[PDB]
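Reproduced below: work.pdb, with PDB, C-alpha atoms.
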MODEL        1
ATOM      1  CA  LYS A  99      57.979 -10.388   9.470
ATOM      2  CA  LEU A 100      56.770  -7.101  10.993
ATOM      3  CA  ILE A 101      55.346  -6.238   7.569
ATOM      4  CA  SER A 102      53.784  -9.724   7.631
ATOM      5  CA  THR A 103      52.222  -9.010  11.064
ATOM      6  CA  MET A 104      49.307  -6.895   9.785
ATOM      7  CA  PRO A 105      48.193 -10.094   8.038
ATOM      8  CA  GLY A 106      47.744 -12.421  10.994
ATOM      9  CA  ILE A 107      46.436 -12.471  14.539
ATOM     10  CA  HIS A 108      45.032  -8.916  14.354
ATOM     11  CA  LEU A 109      41.667 -10.662  14.045
ATOM     12  CA  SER A 110      42.191 -14.299  15.064
ATOM     13  CA  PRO A 111      42.379 -16.892  12.221
ATOM     14  CA  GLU A 112      39.718 -19.002  13.933
ATOM     15  CA  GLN A 113      37.683 -15.808  14.253
ATOM     16  CA  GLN A 114      38.513 -15.204  10.577
ATOM     17  CA  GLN A 115      37.003 -18.626   9.864
ATOM     18  CA  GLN A 116      33.821 -17.672  11.722
ATOM     19  CA  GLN A 117      33.510 -14.229  10.115
ATOM     20  CA  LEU A 118      34.026 -15.702   6.643
ATOM     21  CA  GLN A 119      30.598 -17.272   7.130
ATOM     22  CA  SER A 120      29.378 -13.906   8.442
ATOM     23  CA  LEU A 121      30.489 -12.170   5.234
ATOM     24  CA  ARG A 122      29.000 -14.959   3.104
ATOM     25  CA  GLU A 123      25.713 -14.686   5.025
ATOM     26  CA  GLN A 124      25.836 -10.900   4.589
ATOM     27  CA  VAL A 125      26.227 -11.306   0.815
ATOM     28  CA  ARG A 126      23.463 -13.935   0.748
ATOM     29  CA  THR A 127      20.970 -11.932   2.843
ATOM     30  CA  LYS A 128      21.683  -8.829   0.764
ATOM     31  CA  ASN A 129      20.916 -10.875  -2.353
ATOM     32  CA  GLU A 130      17.892 -12.379  -0.590
ATOM     33  CA  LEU A 131      16.349  -8.993   0.152
ATOM     34  CA  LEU A 132      17.180  -7.940  -3.423
ATOM     35  CA  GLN A 133      15.157 -10.734  -5.062
ATOM     36  CA  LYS A 134      12.430 -10.367  -2.410
ATOM     37  CA  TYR A 135      12.095  -6.726  -3.461
ATOM     38  CA  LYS A 136      12.274  -7.592  -7.167
ATOM     39  CA  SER A 137      10.236 -10.814  -7.185
ATOM     40  CA  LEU A 138       6.889  -9.765  -5.692
ATOM     41  CA  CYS A 139       4.253  -8.413  -8.081
ATOM     42  CA  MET A 140       3.027  -5.421  -6.089
ATOM     43  CA  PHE A 141       0.833  -4.434  -9.044
ATOM     44  CA  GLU A 142      -2.593  -6.038  -9.340
TER      45      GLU A 142
ATOM     46  CA  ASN B  97     -25.105  16.194  -9.838
ATOM     47  CA  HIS B  98     -26.064  12.601  -9.003
ATOM     48  CA  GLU B  99     -23.701  11.219 -11.631
ATOM     49  CA  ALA B 100     -20.976  13.682 -10.610
ATOM     50  CA  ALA B 101     -21.020  11.961  -7.228
ATOM     51  CA  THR B 102     -20.694   8.613  -9.011
ATOM     52  CA  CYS B 103     -17.989   9.866 -11.387
ATOM     53  CA  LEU B 104     -16.059  11.319  -8.463
ATOM     54  CA  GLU B 105     -16.444   8.236  -6.251
ATOM     55  CA  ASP B 106     -15.252   5.868  -8.982
ATOM     56  CA  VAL B 107     -11.875   7.559  -9.378
ATOM     57  CA  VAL B 108     -11.848   7.739  -5.581
ATOM     58  CA  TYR B 109     -12.168   3.941  -5.617
ATOM     59  CA  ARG B 110      -9.352   3.790  -8.166
ATOM     60  CA  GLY B 111      -7.365   5.720  -5.592
ATOM     61  CA  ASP B 112      -8.717   3.420  -2.881
ATOM     62  CA  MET B 113      -7.613   0.094  -4.363
ATOM     63  CA  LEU B 114      -4.326   1.629  -5.527
ATOM     64  CA  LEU B 115      -3.465   3.123  -2.125
ATOM     65  CA  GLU B 116      -4.466  -0.056  -0.315
ATOM     66  CA  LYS B 117      -2.076  -1.998  -2.553
ATOM     67  CA  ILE B 118       0.897   0.351  -2.369
ATOM     68  CA  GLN B 119       0.568   0.976   1.366
ATOM     69  CA  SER B 120       0.828  -2.791   1.638
ATOM     70  CA  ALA B 121       3.627  -2.490  -0.932
ATOM     71  CA  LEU B 122       4.990   0.049   1.495
ATOM     72  CA  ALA B 123       4.341  -2.270   4.434
ATOM     73  CA  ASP B 124       5.791  -5.559   3.161
ATOM     74  CA  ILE B 125       9.177  -3.891   2.730
ATOM     75  CA  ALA B 126       8.578  -1.651   5.756
ATOM     76  CA  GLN B 127       8.740  -4.373   8.406
ATOM     77  CA  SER B 128      11.172  -6.319   6.193
ATOM     78  CA  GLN B 129      13.939  -3.892   7.130
ATOM     79  CA  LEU B 130      13.123  -4.306  10.824
ATOM     80  CA  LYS B 131      14.357  -7.898  10.869
ATOM     81  CA  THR B 132      17.422  -6.824   8.905
ATOM     82  CA  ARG B 133      18.361  -4.769  12.008
TER      83      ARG B 133
ENDMDL
END

Render the structure in this file as C-alpha cells.
Amino acid sequence: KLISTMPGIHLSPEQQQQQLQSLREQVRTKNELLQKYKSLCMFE
Amino acid sequence: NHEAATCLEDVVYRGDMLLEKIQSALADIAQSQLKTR
C-alpha cells in the first residue's frame, strides 16, 4: 500500500480531473499555434 | 545616372514590399506568443 501511495492523493484525484482538461487544453493550444504558424500564407 | 537611380530604387522597392511583409510575418507571430504567456 505504501508503494501504492505515490499513485494517489499526492495531487488530489478531483484536482487530477481538473488538470486532465489542463493537459488536454495544453495539447490543443500547442496544436493550435502549430497550424496557425503553418496555415498562413506569409508570402505574397 | 538617371536610370541608375531607377534601377536602384526598384530593387529597393523589392526590398520594401518584402520587408513590410516579413516584418508583419514577424509581427503576427510576435504578439501571438504574448497571449501564450

For the provided coordinates, the residues matched by the ChimeraX specification (/B :<12) & /A should be stated as a count of residues only. 15

Go ahead and compute the interatomic distance for atom CA of residue A:111 and atom CA of residue A:99, in Å to one decimal.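 Answer for the atom CA of residue A:111 to atom CA of residue A:99 separation: 17.1 Å.
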
Could you please determine the separation between atom CA of residue A:120 and atom CA of residue A:100 in Å, to one decimal place?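 These atoms are spaced 28.3 Å apart.
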
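Note that atom CA of residue A:123 and atom CA of residue B:133 are 14.2 Å apart.
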
Could you write out as AutoDock Vina command-line options the box around stretch 109-122 of chain B (axis-aligned, all atoms listed in the file, 5 Å on each side), with centre and edge lengths in Å to one decimal?
--center_x -3.6 --center_y 1.5 --center_z -3.3 --size_x 27.2 --size_y 18.5 --size_z 19.8
